[PDB]
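Encoded as structure tokens, the structure appears first; notes follow it.
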Amino acid sequence: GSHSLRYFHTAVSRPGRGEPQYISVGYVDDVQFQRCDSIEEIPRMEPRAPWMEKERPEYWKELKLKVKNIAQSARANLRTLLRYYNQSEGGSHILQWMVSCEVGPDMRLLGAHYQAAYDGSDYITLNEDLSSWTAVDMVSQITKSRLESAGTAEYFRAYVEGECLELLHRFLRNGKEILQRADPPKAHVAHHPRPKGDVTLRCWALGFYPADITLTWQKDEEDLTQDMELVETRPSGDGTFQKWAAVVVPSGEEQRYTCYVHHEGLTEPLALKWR
Amino acid sequence: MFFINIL
Amino acid sequence: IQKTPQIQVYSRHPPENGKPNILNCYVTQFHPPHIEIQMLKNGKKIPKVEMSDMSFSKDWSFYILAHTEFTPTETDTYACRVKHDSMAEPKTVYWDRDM
Ligand SMILES: *[C@@H]1O[C@H](CO)[C@@H](O)[C@H](O)[C@H]1NC(C)=O
Ligand code: NA
């Protein structure tokens, strides 16, 4: 449907030896296309998707300069955050932020995002209008007041409507075979007797893309929300994803349970019973 | 690949 | 914040004894990002373990995927062992071909 370019940035004050002071990974939808980091001030960049082989050398040369400047600015921000929060020196603190832009099926821009967190908690978020900010406390309220006085959201918008749109368009073009697809799940039910006479029914979904999915068990006349065990959707490592959901049921009543699967690649929810 | 100065 | 990792151990494809496959150790929901992950077969540390880049989710918690080549059998044991600063001690999770 719609397509998104996303970057996930992390800065660490006094990381461990050999660990990055700054790292960012970039995605189109659920496909990673690069890793950037800075260790002891040295920037490094690595491609991760096949379409990145088509980028010209200047792409990587400009990216390296961006990495150096971002890593120095994040380090400075972490130092000021320590002061405004009256925190002791020596400890290690974390600054994370996300950056994205989204286009619809016709490449029209639909939205964009900028949001930051400090030590794993929300700090500041850019609103849907792309012009105002939401803070969480009096420190982040200083940031908001400064960013609004200086009209900083204008330059984020220029980035969104400039490089973010440029890159999203070119990546989708060169990587169309990977990105413009929807692989539906392959589903089946597994049956495992338990030593007490009852039975585990495990509903599997494999090989689907994108990752968003839903699995649900249902009984004749009883809701199973609280009864069923779900695992977090997980990468198979080849581009696809997998998941399962399980319930314990008495032996002999297996055929009154049904597993429902919902996914983008399915025009209707799939239904499954044991055997 | 964009960063905003917090403080 | 000080979030504890959740761990799942599973094969890329549905396992079939004696068939080359990939074993995954998916670790999620932890913060800070520093973590140590090892994979073991029959008590021996596997040398060839590749790691994805670390990333993070909507709630800012981190996640990462470790994986290695393996051939399942009926007599071999596989585990993932994980240490994070939120844990007093390492936690080992064994592969179960049903999960
Ligand atoms: C830090 O101390 C200053 C006073 O210099 C105060 O205004 C501020 O609220 C304090 N912040 C915290 C997080 O204690
Ligand atoms: Na953070």
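We label chains A, B, ... in the order they appear in the structure tokens, count residues from 1 in each chain, and number ligands from 1 in the order shown.
Using only C-alpha atoms and all ligand atoms, we find that the residues with an atom at most 7 Å from any atom of ligand 2 are residues 94, 95, 96, 117, 118, 119, 120 and 121 of chain A; 60 of chain C.
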Please write the residues from the selection above to a file, keeping N, CA, C and O atoms, as a PDB file, in the first residue's frame.
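This went into out_35.pdb:
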ATOM      1  N   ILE A  94      21.562   7.522  27.294  1.00  0.00           N
ATOM      2  CA  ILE A  94      21.182   7.131  25.954  1.00  0.00           C
ATOM      3  C   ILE A  94      20.242   8.195  25.388  1.00  0.00           C
ATOM      4  O   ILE A  94      19.334   8.661  26.086  1.00  0.00           O
ATOM      5  N   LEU A  95      20.469   8.571  24.127  1.00  0.00           N
ATOM      6  CA  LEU A  95      19.614   9.450  23.335  1.00  0.00           C
ATOM      7  C   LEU A  95      19.263   8.687  22.079  1.00  0.00           C
ATOM      8  O   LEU A  95      20.158   8.327  21.326  1.00  0.00           O
ATOM      9  N   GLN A  96      17.969   8.504  21.827  1.00  0.00           N
ATOM     10  CA  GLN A  96      17.470   7.800  20.651  1.00  0.00           C
ATOM     11  C   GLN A  96      16.537   8.758  19.918  1.00  0.00           C
ATOM     12  O   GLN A  96      15.910   9.606  20.539  1.00  0.00           O
ATOM     13  N   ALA A 117      13.868  10.261  22.482  1.00  0.00           N
ATOM     14  CA  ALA A 117      13.771   9.729  23.841  1.00  0.00           C
ATOM     15  C   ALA A 117      15.121   9.832  24.544  1.00  0.00           C
ATOM     16  O   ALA A 117      16.186   9.748  23.928  1.00  0.00           O
ATOM     17  N   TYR A 118      15.068  10.046  25.840  1.00  0.00           N
ATOM     18  CA  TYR A 118      16.253  10.154  26.672  1.00  0.00           C
ATOM     19  C   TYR A 118      16.154   9.056  27.729  1.00  0.00           C
ATOM     20  O   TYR A 118      15.177   8.997  28.488  1.00  0.00           O
ATOM     21  N   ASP A 119      17.201   8.243  27.834  1.00  0.00           N
ATOM     22  CA  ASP A 119      17.273   7.089  28.763  1.00  0.00           C
ATOM     23  C   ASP A 119      16.007   6.233  28.694  1.00  0.00           C
ATOM     24  O   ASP A 119      15.470   5.778  29.713  1.00  0.00           O
ATOM     25  N   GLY A 120      15.514   6.040  27.472  1.00  0.00           N
ATOM     26  CA  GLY A 120      14.465   5.091  27.205  1.00  0.00           C
ATOM     27  C   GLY A 120      13.071   5.589  27.431  1.00  0.00           C
ATOM     28  O   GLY A 120      12.142   4.807  27.227  1.00  0.00           O
ATOM     29  N   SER A 121      12.892   6.873  27.771  1.00  0.00           N
ATOM     30  CA  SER A 121      11.592   7.513  27.976  1.00  0.00           C
ATOM     31  C   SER A 121      11.347   8.597  26.932  1.00  0.00           C
ATOM     32  O   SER A 121      12.293   9.230  26.467  1.00  0.00           O
TER      33      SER A 121
ATOM     34  N   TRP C  60      10.967   2.108  22.299  1.00  0.00           N
ATOM     35  CA  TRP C  60      12.367   2.424  22.419  1.00  0.00           C
ATOM     36  C   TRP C  60      13.222   1.237  22.870  1.00  0.00           C
ATOM     37  O   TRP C  60      14.483   1.371  22.908  1.00  0.00           O
TER      38      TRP C  60
END
Members of segment 141-240 of chain A assigned strand (DSSP E) by DSSP, as a ChimeraX atom specification: /A:186-193,199-208,214-218,229-230,234-235
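Environment of ligand 1, defined as every protein or nucleic acid residue with an atom within 7 Å of it and counting only C-alpha atoms and all ligand atoms, comprises residues 84, 85 and 86 of chain A.
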Can you spit out the residues from that selection as a compact mmCIF listing (two decimals), in the first residue's frame, using N, CA, C and O atoms?
# COMPACT_ATOMS: atom_id res chain seq x y z
N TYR A 84 21.10 19.69 32.58
CA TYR A 84 19.74 20.15 32.84
C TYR A 84 18.98 19.19 33.75
O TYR A 84 18.04 19.62 34.42
N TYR A 85 19.35 17.91 33.78
CA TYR A 85 18.71 16.94 34.64
C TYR A 85 19.49 16.71 35.94
O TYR A 85 19.14 15.82 36.70
N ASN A 86 20.49 17.53 36.23
CA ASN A 86 21.29 17.44 37.46
C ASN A 86 21.70 15.99 37.74
O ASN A 86 21.40 15.44 38.81
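Nearest-residue note for chain B: choosing from A:154, A:232, A:177, A:227, the minimum distance belongs to A:154, counting only C-alpha atoms.
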For the contact check between chain A and chain C, emit one row per residue of chain A within 9 Å, containing the shortest atom pair and the distance in Å rounded to one decimal, counting only C-alpha atoms, chain then rising number order, as CSV.
residue,atom,partner,partner_atom,distance
A:8,CA,C:55,CA,6.8
A:9,CA,C:55,CA,8.5
A:10,CA,C:55,CA,8.7
A:15,CA,C:34,CA,8.6
A:16,CA,C:34,CA,8.1
A:19,CA,C:34,CA,8.4
A:23,CA,C:54,CA,8.9
A:24,CA,C:55,CA,8.1
A:25,CA,C:55,CA,6.9
A:35,CA,C:53,CA,7.3
A:93,CA,C:32,CA,8.6
A:94,CA,C:32,CA,7.6
A:96,CA,C:60,CA,7.6
A:97,CA,C:60,CA,8.9
A:117,CA,C:60,CA,7.6
A:119,CA,C:1,CA,6.6
A:120,CA,C:60,CA,5.9
A:121,CA,C:1,CA,7.4
A:122,CA,C:60,CA,8.5
A:190,CA,C:98,CA,8.4
A:192,CA,C:98,CA,8.1
A:202,CA,C:99,CA,8.5
A:206,CA,C:13,CA,8.4
A:207,CA,C:13,CA,8.8
A:231,CA,C:8,CA,8.4
A:232,CA,C:8,CA,8.8
A:234,CA,C:26,CA,7.1
A:235,CA,C:26,CA,7.9
A:236,CA,C:12,CA,4.6
A:237,CA,C:12,CA,6.7
A:238,CA,C:12,CA,8.0
A:242,CA,C:12,CA,8.8
A:244,CA,C:99,CA,8.2
Selection near segment 35-49 of chain C, 8 Å with only C-alpha atoms, sequence-local residues under 6 positions removed, as an NGL selection string: :C and (66-69 or 76-85)
Dump as a JSON list (two decimals), in the first residue's frame, selection limited to N, CA and C atoms:
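Saved to again.json:
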[["chain", "number", "residue", "atom", "x", "y", "z"],
["C", 66, "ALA", "N", 20.58, -13.17, 16.51],
["C", 66, "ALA", "CA", 21.78, -13.99, 16.34],
["C", 66, "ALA", "C", 21.39, -15.27, 15.63],
["C", 67, "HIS", "N", 22.27, -15.79, 14.77],
["C", 67, "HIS", "CA", 21.90, -16.97, 14.01],
["C", 67, "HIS", "C", 23.15, -17.68, 13.55],
["C", 68, "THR", "N", 22.99, -18.98, 13.36],
["C", 68, "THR", "CA", 24.07, -19.82, 12.87],
["C", 68, "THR", "C", 23.48, -20.98, 12.07],
["C", 69, "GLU", "N", 24.32, -21.59, 11.23],
["C", 69, "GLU", "CA", 23.91, -22.76, 10.46],
["C", 69, "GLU", "C", 23.86, -23.98, 11.37],
["C", 76, "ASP", "N", 20.90, -34.03, 19.44],
["C", 76, "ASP", "CA", 21.74, -32.86, 19.64],
["C", 76, "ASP", "C", 20.95, -31.77, 20.35],
["C", 77, "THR", "N", 21.60, -31.06, 21.28],
["C", 77, "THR", "CA", 20.98, -29.99, 22.04],
["C", 77, "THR", "C", 21.58, -28.65, 21.61],
["C", 78, "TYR", "N", 20.73, -27.63, 21.51],
["C", 78, "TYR", "CA", 21.16, -26.28, 21.16],
["C", 78, "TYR", "C", 20.61, -25.27, 22.15],
["C", 79, "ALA", "N", 21.42, -24.30, 22.53],
["C", 79, "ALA", "CA", 20.97, -23.28, 23.45],
["C", 79, "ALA", "C", 21.50, -21.90, 23.06],
["C", 80, "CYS", "N", 20.79, -20.89, 23.53],
["C", 80, "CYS", "CA", 21.21, -19.50, 23.47],
["C", 80, "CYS", "C", 21.37, -19.00, 24.91],
["C", 81, "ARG", "N", 22.50, -18.37, 25.22],
["C", 81, "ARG", "CA", 22.72, -17.83, 26.56],
["C", 81, "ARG", "C", 22.92, -16.32, 26.48],
["C", 82, "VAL", "N", 22.29, -15.55, 27.40],
["C", 82, "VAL", "CA", 22.14, -14.11, 27.19],
["C", 82, "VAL", "C", 22.43, -13.46, 28.52],
["C", 83, "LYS", "N", 23.19, -12.37, 28.51],
["C", 83, "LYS", "CA", 23.49, -11.61, 29.71],
["C", 83, "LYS", "C", 23.22, -10.14, 29.41],
["C", 84, "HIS", "N", 22.50, -9.47, 30.29],
["C", 84, "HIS", "CA", 22.17, -8.07, 30.16],
["C", 84, "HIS", "C", 22.35, -7.49, 31.55],
["C", 85, "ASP", "N", 22.61, -6.18, 31.62],
["C", 85, "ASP", "CA", 22.85, -5.52, 32.91],
["C", 85, "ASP", "C", 21.68, -5.55, 33.86]]
Nearby residues (only C-alpha atoms) at most 12 Å from residue 90 of chain A, same-chain spacing under 4 positions excluded, as an MDAnalysis selection string: chainID A and resid 13:15 79 82
Within 10 Å of residue 213 of chain A using only C-alpha atoms, minus same-chain residues under 2 positions, as a list in words: residues 184, 185, 205, 208, 209, 210, 211, 215, 233, 241, 242, 243, 261, 262, 263, 264 and 265 of chain A
Residue list for chain A near chain B as number ranges by chain, 8 Å, only C-alpha atoms: A: 7, 66-67, 70, 73-74, 77, 80-81, 99, 142-143, 146, 152, 156, 159
Selection export as a PDB file, in the first residue's frame, atoms kept: N, CA, C and O atoms:
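Written output follows (out-v4.pdb):
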ATOM      1  N   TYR A   7      14.550   5.820   9.832  1.00  0.00           N
ATOM      2  CA  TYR A   7      15.882   5.733  10.416  1.00  0.00           C
ATOM      3  C   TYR A   7      15.753   5.679  11.931  1.00  0.00           C
ATOM      4  O   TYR A   7      14.985   6.456  12.530  1.00  0.00           O
ATOM      5  N   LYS A  66      27.695  13.303   6.916  1.00  0.00           N
ATOM      6  CA  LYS A  66      26.522  13.400   7.785  1.00  0.00           C
ATOM      7  C   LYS A  66      26.743  12.630   9.080  1.00  0.00           C
ATOM      8  O   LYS A  66      26.384  13.095  10.172  1.00  0.00           O
ATOM      9  N   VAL A  67      27.308  11.428   8.976  1.00  0.00           N
ATOM     10  CA  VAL A  67      27.521  10.610  10.171  1.00  0.00           C
ATOM     11  C   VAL A  67      28.431  11.326  11.173  1.00  0.00           C
ATOM     12  O   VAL A  67      28.157  11.365  12.389  1.00  0.00           O
ATOM     13  N   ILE A  70      26.399  14.343  12.745  1.00  0.00           N
ATOM     14  CA  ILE A  70      25.367  13.855  13.658  1.00  0.00           C
ATOM     15  C   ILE A  70      25.965  13.304  14.954  1.00  0.00           C
ATOM     16  O   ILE A  70      25.425  13.544  16.048  1.00  0.00           O
ATOM     17  N   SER A  73      27.103  16.188  17.205  1.00  0.00           N
ATOM     18  CA  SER A  73      25.977  16.910  17.785  1.00  0.00           C
ATOM     19  C   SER A  73      25.249  16.096  18.862  1.00  0.00           C
ATOM     20  O   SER A  73      24.802  16.651  19.874  1.00  0.00           O
ATOM     21  N   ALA A  74      25.061  14.789  18.643  1.00  0.00           N
ATOM     22  CA  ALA A  74      24.425  13.955  19.667  1.00  0.00           C
ATOM     23  C   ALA A  74      25.268  13.898  20.938  1.00  0.00           C
ATOM     24  O   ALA A  74      24.728  13.947  22.056  1.00  0.00           O
ATOM     25  N   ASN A  77      24.633  17.113  22.752  1.00  0.00           N
ATOM     26  CA  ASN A  77      23.309  17.068  23.382  1.00  0.00           C
ATOM     27  C   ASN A  77      23.294  16.185  24.650  1.00  0.00           C
ATOM     28  O   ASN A  77      22.655  16.525  25.656  1.00  0.00           O
ATOM     29  N   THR A  80      24.719  18.233  27.527  1.00  0.00           N
ATOM     30  CA  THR A  80      23.808  19.248  28.049  1.00  0.00           C
ATOM     31  C   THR A  80      22.623  18.626  28.792  1.00  0.00           C
ATOM     32  O   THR A  80      22.168  19.151  29.810  1.00  0.00           O
ATOM     33  N   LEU A  81      22.112  17.504  28.305  1.00  0.00           N
ATOM     34  CA  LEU A  81      21.033  16.815  29.007  1.00  0.00           C
ATOM     35  C   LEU A  81      21.448  16.419  30.412  1.00  0.00           C
ATOM     36  O   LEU A  81      20.645  16.482  31.340  1.00  0.00           O
ATOM     37  N   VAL A  99      13.244   9.020  12.598  1.00  0.00           N
ATOM     38  CA  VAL A  99      13.064   9.976  11.510  1.00  0.00           C
ATOM     39  C   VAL A  99      12.414   9.156  10.430  1.00  0.00           C
ATOM     40  O   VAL A  99      12.964   8.116  10.079  1.00  0.00           O
ATOM     41  N   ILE A 142      11.726  23.344  27.525  1.00  0.00           N
ATOM     42  CA  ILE A 142      12.735  24.290  27.057  1.00  0.00           C
ATOM     43  C   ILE A 142      13.086  24.017  25.606  1.00  0.00           C
ATOM     44  O   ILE A 142      13.163  24.926  24.779  1.00  0.00           O
ATOM     45  N   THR A 143      13.335  22.756  25.288  1.00  0.00           N
ATOM     46  CA  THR A 143      13.602  22.364  23.910  1.00  0.00           C
ATOM     47  C   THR A 143      12.486  22.813  22.975  1.00  0.00           C
ATOM     48  O   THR A 143      12.746  23.335  21.885  1.00  0.00           O
ATOM     49  N   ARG A 146      12.502  26.598  22.482  1.00  0.00           N
ATOM     50  CA  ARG A 146      13.601  26.959  21.592  1.00  0.00           C
ATOM     51  C   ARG A 146      13.308  26.561  20.138  1.00  0.00           C
ATOM     52  O   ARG A 146      13.499  27.357  19.217  1.00  0.00           O
ATOM     53  N   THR A 152      12.641  25.658  13.859  1.00  0.00           N
ATOM     54  CA  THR A 152      13.416  24.515  13.409  1.00  0.00           C
ATOM     55  C   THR A 152      12.607  23.501  12.595  1.00  0.00           C
ATOM     56  O   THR A 152      13.173  22.780  11.748  1.00  0.00           O
ATOM     57  N   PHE A 156      13.264  20.632   9.073  1.00  0.00           N
ATOM     58  CA  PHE A 156      12.901  19.236   9.009  1.00  0.00           C
ATOM     59  C   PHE A 156      12.018  18.994   7.810  1.00  0.00           C
ATOM     60  O   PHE A 156      12.220  18.003   7.086  1.00  0.00           O
ATOM     61  N   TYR A 159      13.992  18.775   4.743  1.00  0.00           N
ATOM     62  CA  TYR A 159      14.593  17.444   4.632  1.00  0.00           C
ATOM     63  C   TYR A 159      13.581  16.407   4.148  1.00  0.00           C
ATOM     64  O   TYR A 159      13.832  15.660   3.198  1.00  0.00           O
TER      65      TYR A 159
END
